[PDB]
Each structure stands twice: as structure tokens, then as C-alpha cells.
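What follows is one structure encoded as C-alpha cells, with my remarks underneath.
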Amino acid sequence: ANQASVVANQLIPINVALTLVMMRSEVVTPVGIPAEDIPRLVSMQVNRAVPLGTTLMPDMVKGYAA
């Protein structure tokens, strides 16, 4: 697609709260959280360590729903 997802721009350690420096937008498969949502992800925590280049999936963010 042209559908870009949120991809970790650095290793996001477990339980850290997401900041804008941590999140880039890329056309990756499988599709994860839509890149349009990078605004509303700031301050939410991840529930596991996300390595650099990992697509952020809905189940990795605490309190995220669609």
C-alpha cells in the first residue's frame, strides 16, 4: 500500500513513555499503528521493549485503542 505505520526510531525500553523522537513513519509489512496517530501516542507507555526499526503494534501500547 501507500499505508505507512509507526516504526521505532530508537530502542524504546520497557515501560517508557513514548516521545516524538522515538517514532518515525514507514511503509512496512505487517501494518501496525497508522502513522497518522503519532500525535496521540505521546506520553503513553509501551508494555515491552521495542528495538530500533520495530513496527509498533496496538498491543504494545498501554491504554491504546484504535
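Ordered as shown in the C-alpha cells, chains take letters A, B, and onward, while each chain numbers its residues from 1 and ligands are numbered from 1 in the order shown.
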
Exercise for the section: Determine which residues of chain A DSSP labels as helix (DSSP H, G or I) from the backbone of this structure, then write them out as a list in words. Expected result: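 Helix (DSSP H, G or I) members of chain A, listed: residues 20, 21, 22, 35, 36, 37, 38, 39, 40, 41, 58, 59 and 60 of chain A.
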
Could you name the residues that touch residue 16 of chain A at 10 Å or less, counting only C-alpha atoms, but leaving out those on the same chain fewer than 5 positions away, as a PDB file with N, CA and C atoms, in the first residue's frame?
```pdb
ATOM      1  N   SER A  43       3.329  10.258  25.404  1.00  0.00           N
ATOM      2  CA  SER A  43       3.085  10.060  26.829  1.00  0.00           C
ATOM      3  C   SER A  43       2.500   8.727  27.179  1.00  0.00           C
ATOM      4  N   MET A  44       2.122   7.888  26.220  1.00  0.00           N
ATOM      5  CA  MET A  44       1.597   6.549  26.514  1.00  0.00           C
ATOM      6  C   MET A  44       2.780   5.624  26.666  1.00  0.00           C
ATOM      7  N   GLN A  45       2.692   4.577  27.472  1.00  0.00           N
ATOM      8  CA  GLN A  45       3.844   3.728  27.646  1.00  0.00           C
ATOM      9  C   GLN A  45       3.692   2.484  26.824  1.00  0.00           C
ATOM     10  N   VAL A  46       4.847   1.889  26.554  1.00  0.00           N
ATOM     11  CA  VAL A  46       4.906   0.637  25.843  1.00  0.00           C
ATOM     12  C   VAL A  46       5.004  -0.414  26.890  1.00  0.00           C
ATOM     13  N   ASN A  47       4.530  -1.612  26.610  1.00  0.00           N
ATOM     14  CA  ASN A  47       4.487  -2.658  27.626  1.00  0.00           C
ATOM     15  C   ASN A  47       5.546  -3.728  27.433  1.00  0.00           C
ATOM     16  N   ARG A  48       6.483  -3.412  26.538  1.00  0.00           N
ATOM     17  CA  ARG A  48       7.604  -4.287  26.249  1.00  0.00           C
ATOM     18  C   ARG A  48       8.648  -3.407  25.588  1.00  0.00           C
ATOM     19  N   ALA A  49       9.860  -3.931  25.515  1.00  0.00           N
ATOM     20  CA  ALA A  49      10.968  -3.256  24.834  1.00  0.00           C
ATOM     21  C   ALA A  49      10.737  -3.290  23.313  1.00  0.00           C
TER      22      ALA A  49
END
```

Practice task
Would you mind listing what lies within 6 Å of residue 55 of chain A as number ranges by chain, with only C-alpha atoms counted and same-chain residues fewer than 3 positions away left out?
Solution key: A: 6-7, 32

Practice task
Name all residues at most 10 Å from residue 2 of chain A (count only C-alpha atoms; drop same-chain ones fewer than 4 positions away) and give them as number ranges by chain.
Solution key: A: 26-28
